[PDB]
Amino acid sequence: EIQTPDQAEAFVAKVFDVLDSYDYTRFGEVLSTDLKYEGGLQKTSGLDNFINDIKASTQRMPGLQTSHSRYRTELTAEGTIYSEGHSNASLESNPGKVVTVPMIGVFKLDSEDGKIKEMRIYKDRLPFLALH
């Protein structure tokens, strides 16, 4: 059970250590099998579909590396987590070219096992064209 913002931040940090590793075999450790994901106009239902969409992104941006920071994490009485911070990206073929944008993540947790059942990520995708 996540009850404090510090516990929420610790969980989101754990989530993004898995996500930014792109070790898809571990995504199910923190993401529900029935995950509802929204990222702009991109939407997926189910953990497998989310994984396939991420794999497609890594082929659009070959050598993609990502990392994340957060400066404010809120926990609502409904249990939803709002996390405000930044999203970094670069290509392995040119690691000195880093694109960083503000990002907000909204996370709804499963009451049974604490996994993320809904994840909505808000960031401007336009700056990442600079990686090409």
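Throughout, rigid core stands for the largest set of C-alpha atoms superposing within 1.5 Å between the two forms. A residue's number is simply how far along the shown sequence it sits, counting from 1.
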### Query
Fit on the core, then compare CA atoms: does 55-63 or 103-111 lie farther from this form in 5 other deposited structures of this protein?
55-63
### Query
Of 113-121 and 5-13, which one has the bigger average CA B-factor?
5-13
### Query
Which has higher Cα B-factors on average according to the PDB entry: 97-105 or 68-76?
68-76
### Task
Could you tell me which one of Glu84, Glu38, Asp53, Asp34 shows the highest CA temperature factor in the PDB record?
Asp34
### Task
Classify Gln42 as lowest, middle or highest third according to the C-alpha B-factor given in the PDB entry, relative to its own chain.
middle
### Summary
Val30: CA B-factor among chain residues, third -> middle
